[PDB]
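**Q** before I ask anything, here's the sequence and the deposited coordinates:
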Amino acid sequence: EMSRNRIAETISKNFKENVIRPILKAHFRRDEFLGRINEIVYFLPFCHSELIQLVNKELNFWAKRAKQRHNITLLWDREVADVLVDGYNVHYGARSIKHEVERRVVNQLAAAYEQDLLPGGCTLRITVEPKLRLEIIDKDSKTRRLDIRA
Amino acid sequence: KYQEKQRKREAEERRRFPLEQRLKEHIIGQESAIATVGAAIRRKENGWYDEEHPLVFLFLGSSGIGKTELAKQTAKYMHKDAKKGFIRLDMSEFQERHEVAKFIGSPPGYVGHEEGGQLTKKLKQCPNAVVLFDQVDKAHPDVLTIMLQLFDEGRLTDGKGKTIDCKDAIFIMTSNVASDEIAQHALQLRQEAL
Ligand SMILES: Nc1ncnc2c1ncn2[C@@H]1O[C@H](COP(=O)(O)OP(=O)(O)OP(O)(O)=S)[C@@H](O)[C@H]1O
Ligand SMILES: [Mg+2]
């Protein structure tokens, strides 16, 4: 709000002492236990850029596994990251992005690998049809969608 | 005559730099607590204590205001860096009734019987030790029932039946019981004084 207002033209200590300190005292029931803690470190939820970075980390993890175990150069556009961010749940956190990548991307990769539609050395671009779809590449103008049967 | 001269020299040394100043080097504030503990240990060291019943303290207050620190410095005053004469016992380990075996060993015919007790061994090593039952309230009250024999008369019979005289010991019991009440009453008295 302040940013868009200026364009038109950190957790505070009071929150820790007034909100979080009574909740910690209520749960742990002992201020002697809390006073021994040097740093009560606060982990905040993810911003949208951090969600895109999490999707890129998960897709890079599966790309490294595909390159090492099988030699399948996996690729994807930024629209793939924007699509997979929609499966993010604030309550579950980064685990929601891992489950969404395993649902949309890696189940298709496993079904393609079982069907032998992914030989060694082949490139593979995840593309938004929003449904993600795999696309194997061989030349500079060949991108056939992999027909993964049931 | 040499023993009397050594006693007078030790008395002059204690009068030159008593436990109150030595605690005020480390402890800040707590002048009532330092005065109480200093008067009690002065009564003990000058021979004006009943030798039958050991001296027993209960340090009450909020968290991190020098209970365990004053107990540690009391032990360092009485015994210097000698670790034998400072029998620390973190009583938050004693949260169940059956944890008295750490004090008094184990009976005949059970595991750990040959090793005997831990506190009774440490008090055999130093009868006049400063036993710090730190966080005594966090133990089971039935575990604190073992301290009745050890506070009224300074005795604690182990699993092997061997009683140890602990009458010269200075038992100290840190606790946060009524910490909120003591803190609120002290803040109320300071507000009334202001
Ligand atoms: N009055 C004091 N003057 C100087 N240092 C202090 C004082 N009170 C506490 N400290 C420091 O606090 C640290 C540990 O404090 P303790 O000795 O645990 O106090 P406490 O009141 O036992 O409370 P607890 O948490 O409920 S067991 C030590 O490093 C001491 O140096
Ligand atoms: Mg303590």
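**A** Yes, it's here. Residues are numbered from 1 along each chain as shown, chains lettered A, B, ... in the order given. Ligands and ions are numbered 1, 2, ... in the order given.

**Q** elements contacting the strand or helix carrying residue A:60?
**A** Per DSSP states H and E, residue A:60 falls inside helix A:48-65. Judged by 3 or more Cβ pairs under 8 Å, 6 or more residues apart in numbering or on different chains; DSSP states H and E, helix A:48-65 is in contact with strand A:73-76, helix A:78-85, helix A:94-101. Backbone N, C-alpha and C define where each C-beta goes, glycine included.

**Q** hmm, 10 Å instead?
**A** In terms of contacts (3 or more Cβ pairs under 10 Å, 6 or more residues apart in numbering or on different chains; DSSP states H and E), helix A:48-65 is packed against strand A:73-76, helix A:78-85, helix A:94-101, strand A:123-128.

**Q** distance to chain B and mean neighbour count for the ones you listed - can I get that in JSON lines?
**A** Converted to JSON lines, the helices and strands packed on helix A:48-65 look like this (distance: least, Cβ to the nearest Cβ, whole Å; neighbours: other Cβ atoms under 10 Å in any protein chain shown):
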{"stretch": "strand A:73-76", "distance to chain B": "53", "mean neighbour count": "18"}
{"stretch": "helix A:78-85", "distance to chain B": "44", "mean neighbour count": "18"}
{"stretch": "helix A:94-101", "distance to chain B": "35", "mean neighbour count": "18"}
{"stretch": "strand A:123-128", "distance to chain B": "54", "mean neighbour count": "18"}
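
**Q** and the ones you listed: which comes nearest residue B:42?
**A** In terms of Cβ to Cβ, the element of the helices and strands packed on helix A:48-65 nearest to residue B:42 is helix A:94-101, at 62.6 Å.

**Q** that older thread, the helices and strands packed on helix A:48-65: which one's closest to ligand 2?
**A** helix A:94-101 (38.7 Å; Cβ to the ion).

**Q** residues making contact with the closest one?
**A** The contact list for helix A:94-101, computed with Cβ atoms under 10 Å, 6 or more residues apart in numbering or on different chains, reads A:45-46, A:50-55, A:57-59, A:61-62, A:80-81, A:83-90, A:92, A:106-107, A:132.

**Q** now do the buried residues in stretch B:40-58.
**A** B:40-42, B:44-45, B:49, B:54-57 (16 or more other Cβ atoms under 10 Å in any protein chain shown).

**Q** just give me the closest of those residues to chain A.
**A** Nearest to chain A out of those is residue B:57 (Cβ to the nearest Cβ; 18.5 Å).

**Q** gap between that closest one and residue B:126?
**A** Relative to residue B:126, residue B:57 is positioned 18 Å away (Cβ to Cβ, to the nearest Å).

**Q** buried sites along stretch A:52-64?
**A** Buried residues in stretch A:52-64, counted by 16+ other Cβ under 10 Å: A:52, A:54-56, A:58-59, A:62-63.

**Q** what do you get for stretch B:176-187?
**A** Buried residues in stretch B:176-187 (16+ other Cβ under 10 Å): B:176, B:179.

**Q** dump that stretch to PDB, restricted to CA.
**A** Provided in PDB are the C-alpha atoms of stretch B:176-187 (Å, rounded to 0.1, in the frame of the first residue of the first chain):
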ATOM      1  CA  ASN B 176      10.700 -20.100  40.700                       C
ATOM      2  CA  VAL B 177       7.700 -20.800  42.900                       C
ATOM      3  CA  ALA B 178       5.600 -17.600  43.400                       C
ATOM      4  CA  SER B 179       8.000 -15.800  41.000                       C
ATOM      5  CA  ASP B 180       5.100 -13.800  39.500                       C
ATOM      6  CA  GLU B 181       3.800 -13.000  43.000                       C
ATOM      7  CA  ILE B 182       7.200 -11.900  44.300                       C
ATOM      8  CA  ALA B 183       7.800  -9.800  41.100                       C
ATOM      9  CA  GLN B 184       4.400  -8.100  41.200                       C
ATOM     10  CA  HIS B 185       4.700  -7.400  44.900                       C
ATOM     11  CA  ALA B 186       8.200  -5.900  44.500                       C
ATOM     12  CA  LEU B 187       7.100  -3.800  41.600                       C
END
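
**Q** okay, now whichever residue of chain A sits closest to chain B: neighbour count?
**A** Using Cβ to the nearest Cβ, the single residue of chain A nearest to chain B is residue A:32, 4.0 Å away. As a burial measure, residue A:32 scores 16 neighbours (other Cβ atoms under 10 Å in any protein chain shown).

**Q** what residue of chain A is the furthest out?
**A** In chain A, counting by Cα atoms, centre = their mean, residue A:32 sits farthest out from the average C-alpha position, at 38.9 Å.

**Q** make sure I have this right: that one is in a helix.
**A** Yes: counting by DSSP: H, G, I helix; E, B strand; the rest coil, residue A:32 falls inside a helix.

**Q** list the contacts for it?
**A** Contact partners of residue A:32, counting by Cβ under 10 Å, 6+ apart, are B:62-64, B:92, B:135, B:138, B:174, B:176, B:179.

**Q** and if you look at residue B:65?
**A** Counted by Cβ under 10 Å, 6+ apart, residue B:65 has contacts B:27-30, B:33, B:59, B:179, B:182-183.

**Q** can we see that at 7 Å?
**A** residue B:30 (Cβ atoms under 7 Å, 6 or more residues apart in numbering or on different chains).

**Q** residue B:130 now?
**A** Listed by Cβ under 7 Å, 6+ apart, the contact set of residue B:130 reads B:74-75, B:78-79, B:85-86, B:170, B:172.
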